[PDB]
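*Asks:*
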Ligand SMILES: Cc1cc2nc3c(=O)[nH]c(=O)nc-3n(C[C@H](O)[C@H](O)[C@H](O)CO)c2cc1C
Ligand SMILES: CCCCCCCCCO[C@@H]1O[C@H](CO)[C@@H](O)[C@H](O)[C@H]1O
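Numbering (UniProt numbering), first residue to last: 2 to 167.
What follows is the structure, given as structure tokens:
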């Protein structure tokens, strides 16, 4: 209820900023791809309060996380760009047919989109970030694909066993 909800968002984003400190590289080769489950707070916020609010959370989350981990602008900007895209799409699908069907149809789609958005993004970033030629990206390609497919897929199914578990 306005003031009651502003605080709810504020502590959930500050909750996600916390969870972002258990980030681990999962892939030993790809030390740049690091998994954190902080996209599960925003996915919950996006379902209750709307797609724009969910992106606001991951936006402020990564800003705070960047203020505390000052030294990864492009990486954090990548996580913010991919993160905002994951929740806003999942929020939008859920948000015209309250039917629980749109909950998973949005997560299946959002997981696929954010995965595709990551490959296209890294295509002109992994060359630029490592100041390398385009072939390095292609060495990393199946790991970038498997990562964001697993990261957002896990976040999709974990948020579902949160709604289930009630
Ligand atoms: C080159 C680079 C590529 C990244 N690619 C992805 C990605 O494909 N999917 C994802 O979820 N996060 C990705 N990240 C997010 C990363 O785990 C997070 O931003 C770390 O905080 C990097 O500092 C990427 C980060 C960098 C630096
Ligand atoms: C609007 C109310 C929503 C409920 C919020 C309670 C906490 C967040 C939901 O799940 C939790 O998230 C953590 C971080 O990702 C996980 O580590 C943890 O295992 C899991 O239990």
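Cβ atoms here follow ideal geometry from the backbone N, Cα and C, with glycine treated the same way.
Name the one or two DSSP bridge partners that residue 36 has.
*Replies:* Paired residues: 25.
*Asks:* Kindly indicate the opening and closing residues of the alpha helix (DSSP H) around residue 169.
*Replies:* Any answer about residue 169 is impossible in this case: the structure gives the chain only from 2 up to 167.
*Asks:* Where residue 7 and residue 44 are concerned, what is the direct C-alpha to C-alpha distance, given to the nearest angstrom?
*Replies:* 16 angstroms
*Asks:* What does the alpha-carbon distance come out to for the pair residue 130 and residue 100?
*Replies:* 42 angstroms
*Asks:* Looking only at its own chain, which residues have a Cβ that is under 7 angstroms from the Cβ of residue 128, when we skip the five neighbours before and after it?
*Replies:* 134, 135, 137 and 138
*Asks:* Excluding the 5 residues preceding and the 5 following residue 51 in the sequence, name in chain order all residues of the same chain whose CB lies nearer than 8 angstroms to its CB.
*Replies:* Taken in chain order, the residues that qualify are 92 and 96.
*Asks:* Measure the alpha-carbon distance for residue 57 versus residue 132 and round it to whole angstroms.
*Replies:* 31 angstroms
*Asks:* Return the residue from the list 46, 49, 20 and 155 that minimises the CA-CA distance to residue 63.
*Replies:* It is 20 whose Cα lies nearest to the Cα of residue 63.
*Asks:* Indicate whether residue 94 and residue 82 have their beta-carbon atoms separated by less than 8 angstroms.
*Replies:* no
*Asks:* In angstroms, rounded to a whole number, what distance separates the CA positions of residue 160 and residue 105?
*Replies:* Residue 160 and residue 105: Cα-Cα distance of roughly 10 angstroms.
*Asks:* Rounded C-beta distance between residue 16 and residue 42? I'm assuming under 8 angstroms.
*Replies:* So it is a contact: roughly 5 angstroms between Cβ atoms.
*Asks:* Just reading off the alpha helix (DSSP H) that residue 6 is part of, what are its end residues?
*Replies:* 4-20
*Asks:* Is residue 41 helix, strand or coil when you go by DSSP?
*Replies:* helix
*Asks:* Exposed or buried, what is residue 47 when buried is set at 16 or more other beta-carbons lying within 10 Å of its beta-carbon?
*Replies:* Residue 47 should be labelled buried.
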